[PDB]
Every structure is written in C-alpha cells, then in structure tokens.
Amino acid sequence: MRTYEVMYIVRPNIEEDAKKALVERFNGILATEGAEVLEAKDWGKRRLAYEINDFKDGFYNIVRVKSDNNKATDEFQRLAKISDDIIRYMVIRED
Amino acid sequence: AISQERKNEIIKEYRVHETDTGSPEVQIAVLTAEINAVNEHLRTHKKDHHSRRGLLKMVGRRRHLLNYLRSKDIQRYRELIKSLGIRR
Amino acid sequence: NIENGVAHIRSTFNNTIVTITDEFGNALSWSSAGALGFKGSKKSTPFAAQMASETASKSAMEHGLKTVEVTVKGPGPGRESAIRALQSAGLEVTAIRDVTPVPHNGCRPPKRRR
Amino acid sequence: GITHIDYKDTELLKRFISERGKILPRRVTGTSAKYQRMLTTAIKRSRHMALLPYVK
RNA sequence: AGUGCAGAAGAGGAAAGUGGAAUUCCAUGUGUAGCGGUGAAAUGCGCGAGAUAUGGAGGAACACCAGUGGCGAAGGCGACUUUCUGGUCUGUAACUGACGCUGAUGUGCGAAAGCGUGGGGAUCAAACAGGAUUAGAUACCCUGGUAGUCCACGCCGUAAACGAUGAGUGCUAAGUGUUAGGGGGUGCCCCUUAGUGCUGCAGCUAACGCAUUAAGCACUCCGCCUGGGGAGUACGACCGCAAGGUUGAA
C-alpha cells in the first residue's frame, strides 16, 4: 500500500539515448525486490525556477512502480545527490 | 506503524475461544507487543518523546487492567502474569 | 556609452544610486543624492530629486541613452524621480521587472529606533 | 469537486497559482478544504523540483 | 468500558537537503565612488571593496499547500523522496459479566539560555571601539565587535506553567462557527454517542462571569487559607554536575 511512483529529472544538454539510459535504470532500480513496472512516458524537457550550473532545466518522464519494502526507491534517492547529473529525486506514495 | 496486518494477525491469537476478541488478555496483548516494537524507535532512533504518550497511556490502561484480576480465577493472573510479557 | 544604456538604478533610503549602465557591467555612468548637494532630509525626496538623472545623461555627452528594460531594484521614494526624469534626452524608460529586494525571511534584521 | 491531483500535475495547480510561482490563499479561494489541501500539497511536492519559480 | 475497528486528522512526533532567501567573502561575465550610516555624527568597506549576479555546491531552512486549523496533559508546533509510530477514538459496541474514583509510597520528568560531543561564525548581538547630546550620556540610535548565533551524547527547573483556571454526578433555551471524521442520511435538511469556542436564555456567586456544549445545587481527595509587614535575615535539614535548592523561632 505504498506506491514508489519513482519519477525523476534527467540531464538537459544531451541526447535521447542518455534519457533512455537513465530511464531504464530508474524503471529498473526497483525490479529487484518487487517491480510492478507499469508504463514509461517521457515528460517535459523543460526548465525550472533558477539556475543549476549555468542551466536551469532537464528531462522528465513518468514511472509507475510500487515497492512495499521501501528500499528500492531509497536506491533511486541516495545515489542521486552525489552526481550532479541526477539533479532531483522526487517520488510519491500513491497509498 | 505496526501495519494493520500486524494488529489483526496478532490480535486473533492471544485470547482463547471465549467466543470473541477483546479479553483482559489479548487487548493488552496487542497493546504491549506494540509497545515492544515501538520501543525500538524509543531505542534505535532514541529521540522519540511523543509516542511516549501513546505508549504510557496504554501502559496505564494495561496497568489498571492488570492490578486486580487475581480474583477472576487463580489461573488468569497466575498463568497470565506468565502469559503476558510484562513485569510483576 | 555604447549607443544604448541599461538602468540598474538603486535607492536605499539613503544613497539613491541612480545608475544607467549597459547590459554587462561595462560601467556607463552613475549618480547619487550625494551628487547634487542635498543632505537635510532632501536626500530621497521628490522636490530634491527633480534633476537627479542629468548628472548622468548629460555627463554622457556621447550616448544619450535610449531605453531601460529596467530592473528597478533597491526601491524607495527616489525611484520615481529616477525613472520619470530618466527621459531628458530620449532615455525611454520602457520596460520593468517586478523584482525589488524581496528576500525570503532568512536574513537577520538590523535595529529599530523608537 | 474535482477528483485528485498529485505531483504528476504541476499546472493543473495554475488555476490557483500566482505570477511568482506560488499559490493564492485558500481564504480568497474557498472550495473543498480537504480536496484543495492535497491538490495544493502536490504543487509543493513540485516546489521540490521547483518547476514554478520563486522570483523570476 | 478497553483491543476489534473505515482507518483518519492536524505544524501529534522522529524524515538525509537532490534544488532555493546561497548570506557581510571577493580576480570577477562587470568595474569604481560607492554595499552602506544616522534624534547628532563619527562609526565605517575604497592606495584597485563596489551596484547584481555569469560558475554561486556548501554554514541551512522549507521561504511558498500555512488558517485562530488541529494530534497531545502543560513547553510545542510548517514542503517531503518519506525513514517510522502509538493511542486518540468520531458508530455501535463481538468477547468477560464490575470489568473500582483524588491518587504523599516509588518513577519522577518539564522554556531560550543554565546545562553534555567538538565542530563554533552566515557572523550579527552582549562589552560596546566610536561619534553626539537641548542645560545635561560608555546610551533605545549608529557600520563593524571575542560566549552563543552551524550541535545526533550527563541531567534538569527556576517563568506572568498569566493557564495566576486542580480533577468524580448530571444540570434548568438551544441554536451556533463548525471539526478530519459521522449517528438518519445524499453540493438537499442534521444531532451529539461526540469535540471545540461561544452571543447568551434560566438560575445562583460577592461585585463579576459561567450557561444543554456551566465557579450556581448534590456525594471528592492532596489540602491550604483564617488581619499585615518584617521573615527567609539567627539559623537550618536533606536531595544535589549547575543556576542551586528546600527547610525555618524570633
């Protein structure tokens, strides 16, 4: 009863294949210990409020995956702050 | 919290077929076993001060229930201060 | 002084920094309340800032700026006398941004005279 | 009135939104307190990503 | 009645800081006459600080859903990616057939500071360096300035705990603002099995206030109080890392 709708923002100045690398990992990081991977949409390649290292935006998607163990999206969240290429990690609980 | 699966699976067990749930056994049974689990967030992250109220509130419930059942039978308080894990 | 100007003007309640610049920081010209003699509560006042921009526009003599697309930051009452009077050669206050000092209650405040 | 809106959406929170990237007060609005609370909450799950500015 | 409970709320609590008020620092995309200073100025950064922000991660707070809303016994209280967690119980109560009330034994524990790690500066605030004053200033004033300002570990307790309200039994108009959540229900009328804040019938207290949701009238305990000081000063008994307490004739 705890959806880890693990959406995220990818890098901006890159190609589609980099989007695909990131999005297949962030669909996949969860499969181990409970996948239920539903779809994969590719949302706005848009900007945001202020600058993020001379730039201000990135790439988006839509990732429907749930994990009741609560440890598959921690992976998605702990391995993000460190590398400036994964610039934000905001998931939900569709409880 | 103890996910409601935990509540309902443990609660059906700690009272014999005296024809329902909710004895002076299983009520406090769930209450105190939940204490024991929540004591970790009172120990592991041992900065927890406010479920130190949901805890001691039902401790006082458990205590006013516990301090008088010597007269229900010999075996309730005898075997059940054994059949509960809690002091005295 | 490149054939255009951009107004990064400022006015703390004291030292109304009238500053018509270019887009980068290439130092076109500046002004003041401390540029035309006023001190005695005529510093940021409408009757003491009548000609506050011509210590800039005609101490330019080669540009005669032509626009703002202004960022009226550092607001006061000296703002108005630093915009409407920024039209004394054709300096053409044209656009605004509604971005003045608006910090977000993270700072710590200096003191209060009773 | 509406059904749910969550951090899938960030501009279905533009009906009640300002020009700086924030939202208007609920007192000036006045609809389903519960529904409007979660609806506005998701936009703040989005000020995480901050798709809507703080100042320009 | 308590555990069953839909679970469900609200800043009840534990959630790293990915990002952002990113700060007085400065070659700086940019440069010098100003970031800036005021009852009265020096204070004060310029013999190569500047103006706001191009790299701007960081010391950190959710800044915006933030309301007087409401978890909880008072001190409180704000996105969450959420790491966890009880009760509270809103409807009747399935089980047992009194399932006991104030509670000096114990335990105790409770505001910044005072307190415990070294971090200790984002550097403001004490001292004040310093100007200045009507006849009258080390000053509420003024840039800057050494505890502290950025804390995951020993224990606490004085405050207008000004909440100066101590807790069992109902209560003589109920509406009313309404609360997540609801007894009959189905953006339409609601009643407490309920909750709050009340304009306030009604009746008492003492001049006042409470009021279907009561200081009034009836069964309650630790109790204090019974004209003022001085008086906590001889002196004092026992807790105790510390502010210290906590006692006690005249």
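Cβ sites come from the backbone with ideal geometry, for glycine too, and all protein chains shown count toward neighbours. We did not get these values from a lab; they are worked out from the coordinates using the rules stated.
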Residues satisfying the stated conditions in the stretch A:43-74, i.e. among the acidic types (D, E) and surrounded by 18 or more Cβ atoms within 10 Å (Cβ to Cβ): A:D57
Evaluation of A:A49 against (1) aliphatic (A, V, I, L, M); (2) without any contact (Cβ under 8 Å) to a residue 40 or more places away in the chain; (3) over 25 Å from D:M38 (Cβ atoms); (4) within 12 Å of chain D (Cβ to nearest Cβ) (one fails), failing number: (3)
Residue count, the stretch C:83-114 (criterion: within 14 Å of chain D (Cβ to nearest Cβ), within 7 Å of RNA strand E (Cβ to nearest atom) and more than 30 Å from C:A60 (Cβ to Cβ)): 4
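Specify the residue that is nearest to the other protein chains (Cβ to nearest Cβ); the eligible residues are those in the stretch A:52-67 that are within 13 Å of A:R93 (Cβ to Cβ) and assigned to a loop (DSSP other than H, G, I, E, B). Walk me through it before giving the result.
Of the stretch A:52-67, the ones within 13 Å of A:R93 (Cβ to Cβ) are A:64-67.
Those left that are additionally assigned to a loop (DSSP other than H, G, I, E, B): A:64-65, A:67.
Details: A:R64: 10, A:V65: 14, A:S67: 14 Å.
Ranking the candidates gives A:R64 first.
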Answer from A:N27, A:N70 - the residue that is more than 8 Å from RNA strand E (Cβ to nearest atom) and either within 14 Å of another protein chain (Cβ to nearest Cβ) or farther than 22 Å from D:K44 by Cα (or both): A:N27
Meets criteria (without any contact (Cβ under 8 Å) to a residue 24 or more places away in the chain, more than 11 Å from chain A (Cβ to nearest Cβ) and either hydrophobic (A, V, I, L, M, F, W, C) or assigned to a loop (DSSP other than H, G, I, E, B) (or both)) for D:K34: no
Filtered residues of the stretch C:87-105 (kept if in contact (Cβ under 8 Å) with a residue 12 or more places away in the chain and more than 17 Å from D:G21 (Cβ to Cβ)): C:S88, C:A89, C:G90, C:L91, C:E92, C:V93, C:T94, C:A95, C:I96, C:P101
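Can you tell me which residue within the stretch B:57-88, out of those that are among the hydrophobic types (A, V, I, L, M, F, W, C), assigned to a helix (DSSP H, G or I) and more than 8 Å from RNA strand E (Cβ to nearest atom), is nearest to B:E34 (Cα to Cα)? Talk me through it step by step, then tell me what you get.
Taking the stretch B:57-88 first, the residues among the hydrophobic types (A, V, I, L, M, F, W, C) are B:58-59, B:65-66, B:69, B:74, B:80-81, B:84, B:86.
With assigned to a helix (DSSP H, G or I) added as a condition, the list becomes B:58-59, B:65-66, B:74, B:80-81.
Filter once more, keeping what is more than 8 Å from RNA strand E (Cβ to nearest atom): B:59, B:66, B:74, B:80-81.
On the way: B:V59: 11, B:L66: 17, B:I74: 27, B:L80: 18, B:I81: 18 Å.
Looking at residues that are among the hydrophobic types (A, V, I, L, M, F, W, C), assigned to a helix (DSSP H, G or I) and more than 8 Å from RNA strand E (Cβ to nearest atom), I get B:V59.
Only one of C:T67, C:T12 is hydroxyl-bearing (S, T, Y) and either within 13 Å of RNA strand E (Cβ to nearest atom) or within 14 Å of chain D (Cβ to nearest Cβ) (or both). Can you tell me which?
Numbers: C:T67 fails: either within 13 Å of RNA strand E (Cβ to nearest atom) or within 14 Å of chain D (Cβ to nearest Cβ) (or both).
Testing whether each residue is hydroxyl-bearing (S, T, Y) and either within 13 Å of RNA strand E (Cβ to nearest atom) or within 14 Å of chain D (Cβ to nearest Cβ) (or both) leaves just C:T12.
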